[PDB]
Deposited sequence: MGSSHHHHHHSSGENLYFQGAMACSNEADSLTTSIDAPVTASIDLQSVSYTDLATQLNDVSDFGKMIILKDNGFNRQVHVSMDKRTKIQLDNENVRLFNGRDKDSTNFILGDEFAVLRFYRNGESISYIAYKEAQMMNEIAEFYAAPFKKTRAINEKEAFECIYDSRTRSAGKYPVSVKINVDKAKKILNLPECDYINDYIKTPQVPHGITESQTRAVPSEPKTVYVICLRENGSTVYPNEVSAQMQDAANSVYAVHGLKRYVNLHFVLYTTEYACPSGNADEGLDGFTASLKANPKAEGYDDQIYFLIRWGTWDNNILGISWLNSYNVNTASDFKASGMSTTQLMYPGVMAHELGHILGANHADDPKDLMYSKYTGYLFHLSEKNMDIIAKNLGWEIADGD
């Protein structure tokens, strides 16, 4: 009787019909696979709004113990959950042509490395022929692909010395190609890393938007890229009136020295936000979840943390939450929180 999603044949329509049935009180949905079951209580994420080129994207959460999130647009749907400490994504596009392109895109890196246990890292899912979704275990995929080390060393810069709606204006770099499932996952992880700190949904509701910009980084250098990006925002007449919002230049790839992203440190405060100061750049590739979250952390004042399980660790470790109490207090205070308010 309880609604279920069969991960051996999950398509866009399966995910859409289930998620579109989720009311304001949530819905129990059983995730099923061979040897797997999980009963998740799914609710609409009412804190975050997303448009990708004006396409509305809705987020859904499980309970904390469910370790499950979803993304739903008209063109694609994502189910992401943790199982035995690994993050697994089911990515399903509605259109056959786009689904085939996405499947080829994710399958391609596994062509040169046709090592054992490929299905556990990546699998094309078919109707119970062309795929209806792809399964990617990012933890297993990175072990098989043996990708070069990407990190956050010196990925920040400083300038010299009702919840509030805050727009996070993401701009697709000129000449870059980004995928909606990948961009929205970065946005969801970025928003959830903020709300997990000091009950911050009471103070802020993040509204992500994605457009294309004519700006392109003049070189592979991230510092120069960010200096040029912030300058392009100040010189854009169409951005006038939105200098107090947060901005990200996004791309699929990375910068020189495998830098995943970069941002102006401690550049956003709800009372003094101005002059496009709260800006950064971020990769959006699937294999590096949490980069936008890490850069958004720096924009909100978080410094690098000493714990290897912290989102703000200087090395890329795949963790998506702030653990540093000092960072948590800095971020929350920049969003209007004070200790007397509690969590």
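Annotation: deposited residues 1-38, 167-172, 206-220 are not represented by C-alpha coordinates in the model.
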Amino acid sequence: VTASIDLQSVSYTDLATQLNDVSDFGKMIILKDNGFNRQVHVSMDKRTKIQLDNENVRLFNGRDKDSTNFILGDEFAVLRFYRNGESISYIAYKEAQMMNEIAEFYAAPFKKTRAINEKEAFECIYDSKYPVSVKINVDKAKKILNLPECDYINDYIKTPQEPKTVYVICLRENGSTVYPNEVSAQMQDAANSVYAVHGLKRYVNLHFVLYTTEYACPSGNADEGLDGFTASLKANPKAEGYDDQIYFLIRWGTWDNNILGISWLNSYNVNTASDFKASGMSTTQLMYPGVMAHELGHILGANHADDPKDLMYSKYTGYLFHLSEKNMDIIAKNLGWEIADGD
From here on, numbers count along this sequence of modelled residues.
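For clarity, a rigid core is taken as the largest C-alpha set superposing within 1.5 Å between two forms.
For 268-276 versus 107-115, the mean Cα distance to the shown form in 5 other deposited structures of this protein after rigid core alignment is larger for 107-115. Rigid core fits of the other structures in 5 other deposited structures of this protein place the C-alpha atoms of one stretch farther away on average; of 232-240 and 245-253, that stretch is 232-240. Of the other entries compared for this protein that flank it with modelled residues, all give atoms for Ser87, so not even a third lack it. Compared against other deposited entries of this protein, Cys150 counts as consistently modelled, with coordinates in all of those that resolve the residues around it and thus below the third mark. Higher mean CA temperature factor between 136-144 and 178-186: 136-144, per the PDB entry. Comparing the deposited coordinates for 303-311 and 59-67, the stretch with the larger average C-alpha B-factor is 303-311. The residue among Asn84, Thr113, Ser263, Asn205 whose C-alpha carries the highest B-factor in the deposited model is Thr113. The entry assigns its greatest Cα B factor, within the set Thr272, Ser267, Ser193, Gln245, to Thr272.
Per the PDB record, residue ranking by Cα B-factor puts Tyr130 in the highest third of the chain. Ranked against the other modelled residues of its chain, the C-alpha B-factor of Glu75 as given in the entry falls in the lowest third. Among all modelled residues in this chain, the alpha-carbon of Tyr319 has a temperature factor (C-alpha) in the middle third. In the PDB entry, a CA B factor belonging to the middle third of its chain's modelled residues is recorded for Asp329. When the modelled residues of the chain are ordered by C-alpha B-factor, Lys164 sits in the middle third.
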